[PDB]
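Student:
4 protein chains.
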Amino acid sequence: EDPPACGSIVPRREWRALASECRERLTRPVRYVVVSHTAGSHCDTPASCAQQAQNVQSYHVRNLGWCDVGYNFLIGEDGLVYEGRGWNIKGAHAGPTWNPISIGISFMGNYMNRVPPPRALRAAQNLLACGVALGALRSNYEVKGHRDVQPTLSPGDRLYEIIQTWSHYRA
Amino acid sequence: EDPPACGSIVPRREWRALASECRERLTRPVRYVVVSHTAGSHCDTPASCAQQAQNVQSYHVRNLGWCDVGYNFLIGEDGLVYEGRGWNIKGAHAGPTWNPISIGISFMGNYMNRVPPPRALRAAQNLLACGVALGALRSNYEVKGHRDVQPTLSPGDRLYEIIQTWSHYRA
Amino acid sequence: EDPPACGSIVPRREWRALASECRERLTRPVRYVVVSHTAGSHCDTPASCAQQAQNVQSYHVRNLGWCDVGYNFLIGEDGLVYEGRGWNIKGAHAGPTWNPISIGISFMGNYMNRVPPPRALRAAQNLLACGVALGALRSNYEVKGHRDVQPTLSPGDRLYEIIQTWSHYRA
Amino acid sequence: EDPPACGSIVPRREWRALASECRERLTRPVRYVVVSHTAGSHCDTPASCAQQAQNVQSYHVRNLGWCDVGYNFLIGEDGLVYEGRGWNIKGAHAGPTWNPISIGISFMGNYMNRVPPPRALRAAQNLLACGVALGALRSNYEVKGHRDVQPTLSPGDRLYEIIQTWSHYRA
Ligand SMILES: CCCCCCCCCCCC(=O)O
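Here it is in structure tokens:
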């Protein structure tokens with residue numbers, strides 16, 4: 023009865039993230055998950071994927087002036103999960119309505135016309151099962167695509183198509 | 023007391039807009055303009071363009087349950103401006119820091135891989151001068167790309183590449 | 023839609039209400055909730071709170087000439103919701119812009135220098151969730167104070183501070 | 023930190039409850055609901071019903087030596103529900119055959135020559151649906167009276183006839 027029976031996650035340190043200055047918290051257990059895509063280039067090795075997480079945060083903090091990278095977690099095609107703001111901190115990925123009540127996970131890449139590789143799909147689903155196991159998400163949490171709550175094409179046609187079949191998907 | 027022009031704006035009732043539920047006001051003169059794209063299909067006839075203004079508002083209100091189409095104005099490839107929420111109503115186009123202090127205009131189409139036709143651009147430039155002439159915009163207003171204030175590809179590489187050249191543009 | 027309903031509400035007859043003469047319907051689902059106070063005497067027991075309901079309806083019907091008590095629901099410090107005009111009928115609580123597009127709930131008493139007990143707040147928020155569940159309110163409904171849409175102290179300095187913190191609150 | 027639980031439950035600490043020491047968990051969702059009376063005093067205000075819940079729980083804890091008040095929830099004549107051991111903790115209210123399979127709720131007074139007011143019955147029905155809504159209760163649950171499962175005069179003569187008229191009430 024391991025108190026934390028879930029998940030390999032690449033932590034901030036390891037992907038060389040800038041220290042976060044977000045303080046605003048979510049309230050566990052969290053009800054909604056919104057799946058996005060970064061919409062840039064993908065990345066398929068740990069060194070490449072850790073670079074990409076760095077660039078993303080670089081955009082949100084350097085350019086856009088945010089307190090941290092927007093997403094709670096990002097999903098690489100190396101098939102690891104990168105800690106974004108994580109389970110406890112409100113992200114900025116889906117507007118002032120969905121942000122304080124969800125967890126935004128973003129796949130790194132562009133899935134308009136490309137599907138994530140199986141290992142990235144498993145990483146993402148294992149990550150959700152682990153949120154439930156941890157009490158961070160509700161046992162009956164709901165998955166939305168980004169496009170379901172914000173006017174956008176994110177998470178891309180081929181990914182949208184996939185998340186829709188998921189156990190917890192609810193539009 | 024001088025008012026001139028200046029709308030060749032196509033008014034909501036003409037493009038068969040559903041009636042807006044929004045009540046929140048911008049305060050004039052408005053300092054900022056944010057230029058997005060719909061990421062959508064483009065339209066080059068006053069008939070398709072009216073029909074697209076519908077489909078775009080239909081997305082925001084029916085799908086997303088918003089009070090109205092998120093943009094203050096939209097821009098067809100027909101060379102006409104489409105009235106959205108207009109000059110005095112807060113729009114929902116660039117998040118909660120920029121929505122209340124800006125006008126958002128969006129070009130109907132996806133401009134990652136096309137430039138909008140020059141008449142589309144003349145329409146947008148003439149809008150903005152109208153706004154100044156009305157006292158809706160500050161004479162020295164500033165223009166931003168959507169991707170400059172929010173994480174997105176909007177308004178498209180090509181379109182973005184154009185707006186960087188505008189006199190009122192600002193880093 | 024559904025056999026019986028959600029949440030508990032003291033019915034019109036139970037608080038000895040005069041029959042309604044109102045017929046203007048609201049349009050489901052409603053986007054706005056406006057929270058007032060009555061600035062009248064407060065009460066903390068089902069007996070005294072029913073009495074108070076009556077006195078308010080009475081002032082509205084007999085002195086103001088309204089078809090019924092202006093509020094859709096009233097709220098007692100006894101922790102009970104009193105049925106006003108209900109989910110379906112247009113109230114008179116927020117003036118002619120807001121009355122046709124909102125549900126008006128009023129806490130019975132004056133909340134400038136005191137707060138309503140946790141039980142009143144709970145009942146209020148409860149009511150509201152039931153509104154959504156019935157499909158009388160939008161799921162993305164927005165709460166406003168009376169002072170946000172009309173110039174008035176209502177709902178009273180201390181209660182306004184409170185509703186500011188509600189999830190659905192948009193000034 | 024979000025909107026309160028459905029049901030408008032007066033939380034433990036609001037009725038000045040001694041802390042629970044119970045830890046046997048009920049496995050959701052529960053099939054049976056058992057209705058009892060307390061046979062103690064009865065109370066018609068929030069003040070007097072807080073106190074009465076105190077007194078019942080005191081009797082259970084200090085005198086009988088139980089981990090907490092025996093009932094999952096108590097119901098006041100003030101029209102409120104008082105959180106006992108709640109949705110997730112096995113109670114002690116109907117003996118060892120009935121406690122591990124059910125949620126016990128009890129009305130606070132003697133219902134032999136009296137009935138609880140309509141508000142008290144409203145609270146309870148409301149509690150039970152909020153049960154389902156949470157996922158604590160079977161969508162398709164069965165309600166049983168105390169005298170049906172254990173030799174007793176509980177829930178009184180009058181209360182007991184009433185609940186037999188409830189829909190969910192089983193033979
Ligand atoms: C999910 C069934 C109906 C939900 C209606 C809203 C009442 C709240 C129940 C959800 C539980 C919670 O918010 O903790």
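Chains as they are written, first to last, in UniProt numbering: chain A, 23 to 193; chain B, 23 to 193; chain C, 23 to 193; chain D, 23 to 193.
We put the beta carbon where it would ideally sit given N, CA and C, even for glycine.
Anyone know if the C-beta pair for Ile111/A and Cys44/A falls short of 8 Å?
Tutor: Translated into positions along the first sequence, residue 111/A becomes position 89. Translated into positions along the first sequence, residue 44/A becomes position 22. Yes.
Student: Can you name, in chain order, every residue of its own chain whose Cβ lies under 7 Å from the Cβ of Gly167/D, other than the five neighbours on each side?
Tutor: Along the fourth sequence, one-based indexing puts residue 167/D at 145. Excluding sequence neighbours, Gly167/D sits near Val57, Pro177, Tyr182 and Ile185.
Student: Taking the Cβ atom as the reference point for each residue, do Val32/D and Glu105/D lie within a distance shorter than 8 Å?
Tutor: Here residue 32/D refers to the residue found at position 10 when the fourth sequence is read from its first residue. Here residue 105/D refers to the residue found at position 83 when the fourth sequence is read from its first residue. Yes, these two residues count as a Cβ contact at 8 Å.
Student: Against chain C, which members of the segment 81–95 of chain B pass a CB distance test of less than 9 Å?
Tutor: So the list reads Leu86, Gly87, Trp88 and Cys89, given in the order they occur along the chain.
Student: Give me the Cα-Cα distance between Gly98/B and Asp24/B, rounded to the nearest whole angstrom.
Tutor: Taking the second sequence and counting its residues from 1, one reaches residue 98/B at position 76. Taking the second sequence and counting its residues from 1, one reaches residue 24/B at position 2. One C-alpha to the other measures close to 29 Å.
Student: Let me make sure I understand the geometry here. Which of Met134/C, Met130/C, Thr187/C and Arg136/C has the alpha-carbon closest to that of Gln73/C?
Tutor: Indexing the third sequence from 1 puts residue 73/C at position 51. Cα-wise, what sits closest to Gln73/C is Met130/C.
Student: So, for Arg38/C: in the same chain, excluding its five sequence neighbours on each side, which residues have a beta-carbon less than 8 Å away from its beta-carbon?
Tutor: By one-based count along the third sequence, residue 38/C stands at place 16. Hits under 8 Å: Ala72 and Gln76.
Student: Using a C-beta to C-beta distance shorter than 8 Å, which residues of chain B count as neighbours of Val171/A?
Tutor: Here the question's residue 171/A lines up with position 149 in the first sequence. In chain order: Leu86.
Student: In terms of DSSP beta bridges, what is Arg47/B paired with?
Tutor: For this step, residue 47/B is matched to residue 25 along the second sequence. For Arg47/B, which the question treats as bridged, DSSP gives the partners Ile111/B.
Student: Output, in sequence order along the chain, the residues in the segment 26–48 of chain B whose CB is closer than 7 Å to any CB in chain C.
Tutor: Taking 7 Å as the Cβ-Cβ cut-off against chain C, the residues of the segment 26–48 of chain B that qualify are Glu43.
Student: Hey, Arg53/B and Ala158/B: beta-carbon distance below 8 Å or not?
Tutor: Here residue 53/B is taken as the residue at index 31 of the second sequence, counted from 1. Here residue 158/B is taken as the residue at index 136 of the second sequence, counted from 1. Their beta carbons are not under 8 Å apart, which means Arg53/B does not touch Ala158/B by this criterion.
Student: Roughly how many angstroms separate the alpha carbons of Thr60/C and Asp170/C, rounded to a whole number?
Tutor: Within the third sequence, the letter at position 38 stands for residue 60/C. Within the third sequence, the letter at position 148 stands for residue 170/C. Taking the straight line joining both Cα atoms gives about 16 Å.
Student: Among the residues of its own chain, which have a CB less than 6 Å from the CB of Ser42/D, if the five just before and after it don't count?
Tutor: Position 20 of the fourth sequence, counted from the first residue, corresponds to residue 42/D. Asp90.
Student: How about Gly153/D and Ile125/D: are their beta carbons less than 8 Å apart?
Tutor: If you number the fourth sequence from 1, residue 153/D lands on position 131. If you number the fourth sequence from 1, residue 125/D lands on position 103. Yes. Within cutoff.
Student: What is the DSSP secondary structure of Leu150/D, reduced to helix, strand or coil?
Tutor: Against the fourth sequence, residue 150/D aligns to sequence position 128. Here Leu150/D sits in helix by DSSP.
Student: If I follow the unbroken alpha helix (DSSP H) through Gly126/B, where does it start and stop?
Tutor: Locating residue 126/B in the second sequence gives position 104, where the first residue counts as 1. It is not in any alpha helix (DSSP H) - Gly126/B instead sits in the beta strand (DSSP E) that spans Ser124 to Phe129.
Student: Within 10 angstroms of its Cβ, does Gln147/C collect 16 or more other Cβ (buried), or is it exposed?
Tutor: In the third sequence, residue 147/C corresponds to position 125, counting from 1. It counts as buried.
Student: Would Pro68/C pass as a contact of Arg141/D if the rule is Cβ separation under 8 Å?
Tutor: The residue given as residue 68/C occupies position 46 in the third sequence. The residue given as residue 141/D occupies position 119 in the fourth sequence. A contact, by the Cβ cut-off of 8 Å.
Student: So which residues on chain B does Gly117/A lean against when the C-beta distance must stay under 9 Å?
Tutor: Looking up residue 117/A in the first sequence gives position 95. Result: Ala114, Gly117 and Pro118.
Student: Under the three-state reduction of DSSP, which class applies to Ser30/C: helix, strand or coil?
Tutor: Here residue 30/C is taken as the residue at index 8 of the third sequence, counted from 1. Of the three classes helix, strand and coil, the one that applies to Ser30/C here is coil, per DSSP.
Student: Is it the case that the Cβ atoms of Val103/B and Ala145/B are separated by a distance below 8 Å?
Tutor: Here residue 103/B refers to the residue found at position 81 of the second sequence. Here residue 145/B refers to the residue found at position 123 of the second sequence. Yes. Within cutoff.
Student: Could you pull out every residue in the same chain whose Cβ sits closer than 6 Å to the Cβ of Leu96/D, ignoring the five residues on either side in sequence?
Tutor: What you label residue 96/D is simply residue 74 of the fourth sequence in a count that begins at 1. Contacts found: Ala75, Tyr104, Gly106, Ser128 and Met130.
Student: If you measure from the beta carbon of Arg107/C to each beta carbon in chain B, is any gap under 8 Å?
Tutor: Indexing the third sequence from 1 puts residue 107/C at position 85. Not one chain B Cβ lies under 8 Å of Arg107/C.
Student: Along chain B, which residues have their Cβ under 7 Å away from the Cβ of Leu175/A?
Tutor: Taking the first sequence and counting its residues from 1, the one referred to as residue 175/A is at position 153. Within chain B, the residues near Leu175/A are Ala61.
Student: In terms of alpha-carbon separation, which member of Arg47/A, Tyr81/A, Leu48/A and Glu46/A lies closest to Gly62/A?
Tutor: If you number the first sequence from 1, residue 62/A lands on position 40. Selected option, being the one with the closest Cα: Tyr81/A.
Student: Tell me the DSSP bridge mates of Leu159/D?
Tutor: Here the question's residue 159/D lines up with position 137 in the fourth sequence. The partner list for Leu159/D (beta bridge, DSSP) reads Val52/D.
Student: By the DSSP assignment, the beta strand (DSSP E) with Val103/C in it spans what residues?
Tutor: Here residue 103/C refers to the residue found at position 81 when the third sequence is read from its first residue. It spans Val103 to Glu105 - the beta strand (DSSP E) in which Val103/C sits, taken as one unbroken run.
Student: If you draw a straight line from the alpha carbon of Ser30/C to that of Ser70/D, how long is it in whole angstroms?
Tutor: Position 8 of the third sequence, counted from the start, is the residue given in the question as residue 30/C. Position 48 of the fourth sequence, counted from the start, is the residue given in the question as residue 70/D. So the two alpha carbons sit approximately 21 Å from each other.
Student: Taking the CB atoms as reference points, tell me whether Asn135/A and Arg180/A lie closer together than 8 Å.
Tutor: Taking the first sequence and counting its residues from 1, one reaches residue 135/A at position 113. Taking the first sequence and counting its residues from 1, one reaches residue 180/A at position 158. Yes, they are a contact pair.
Student: Using C-beta distances below 6 Å, list every residue in its chain close to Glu46/B, excluding the 5 sequence neighbours before and after it, in chain order.
Tutor: Taking the first residue of the second sequence as 1, we reach residue 46/B at position 24. For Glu46/B, where only same-chain residues beyond five positions count, the Cβ hits under 6 Å are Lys112.
Student: Compare the C-alpha of residue 194/C against each of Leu150/C, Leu86/C, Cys28/C and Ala116/C and name the closest.
Tutor: Shown here, chain C extends from 23 to 193; a query on residue 194/C therefore has no answer.
Student: Are there any heavy atoms of ligand 1 lying less than 7 Å away from the beta-carbon of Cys65/A, as far as the coordinates show?
Tutor: Taking the first sequence and counting its residues from 1, one reaches residue 65/A at position 43. No, ligand 1 has no heavy atom inside 7 Å of this Cβ.
Student: According to DSSP, simplified to helix, strand and coil, what is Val57/B?
Tutor: Taking the first residue of the second sequence as position 1, residue 57/B is located at position 35. If DSSP states are grouped into helix, strand and coil, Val57/B belongs with the strands.
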